[PDB]
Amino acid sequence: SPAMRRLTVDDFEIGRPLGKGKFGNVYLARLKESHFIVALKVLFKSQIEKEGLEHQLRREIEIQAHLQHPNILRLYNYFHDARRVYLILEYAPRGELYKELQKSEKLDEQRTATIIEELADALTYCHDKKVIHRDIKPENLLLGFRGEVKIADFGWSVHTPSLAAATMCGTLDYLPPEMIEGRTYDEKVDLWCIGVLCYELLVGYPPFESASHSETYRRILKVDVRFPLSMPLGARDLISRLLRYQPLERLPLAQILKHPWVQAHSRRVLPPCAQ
């Protein structure tokens, strides 16, 4: 391999369907020559044209060609057909976090605190390099071979979140007051979501969810968080400091890393690289 390495579908052996995205399916595949397993995502050209995401997709490629992180799922490279665009993606052996959560009922303090640091790190990287990222929530997070959290991508297929959509999707919990009301929002929204994610992983369900939509709506704006008495104190503290109405007094990323409870229970370890 000199400096050519232009790939086609003829360079892959296809294994099994891994799932269906909005734009197209993801297949477990491996390179014929090297036998290196990847997750191949097949986009329909007509679908990305329809939605007017030509620029967004370009930006995804430009970001992924300049930036790398062990807790952000990698784009190795891409090719394209007359009909198709192919993304050669990092394969997440342990699948979707939300699926792992339902199977586990709840995550122990170890797995939860490991994810929270991993995510806090990935997000520090994302804000330093001044790039958009896929909003954090169990559906949008994948798992490595040792349960390392992977943000699925830099969120090019992310749609401007609707109040009505989030209500029906049952994802209203991951929308802070600023978003809920008319008000302007910055990357301080990230801080709220980590607080929500932490509660969800430990308890099994999002803190603000109920049976009524008006109820879930009231509990968010009053930040009416209710912790089960079985909840570890360290965790209750972190979620209390993240889930605050005021964005400007939400525990910053630098201090989520430094938070006693994380320190005490995180078992984060970088996956092996070459050189």
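Don't overthink the numbering: it's just position in the shown sequence, from 1.
Per-stretch averaging of Cα B factors for 45-53 and 30-38 places 45-53 on top. Comparing 15-23 with 256-264, the higher mean C-alpha B-factor in the PDB entry belongs to 15-23. When the C-alpha B factors of 81, 118, 90, 135 are read from the deposited coordinates, the top value falls at 135.
Looking at 184, 140, 124, 71, the one whose CA carries the top B-factor in the deposited record is 184. When the modelled residues of the chain are ordered by their C-alpha B factor, residue 270 lands in the lowest third. Sort the chain's modelled residues by C-alpha temperature factor and residue 168 lands in the highest third, per the entry. Among the modelled residues of its chain, residue 159 has a C-alpha B-factor that falls in the highest third according to the deposited record. Sort the chain's modelled residues by C-alpha temperature factor and residue 191 lands in the middle third, per the entry. In this PDB entry, residue 106 carries a Cα temperature factor that places it within the middle third of its chain's modelled residues.
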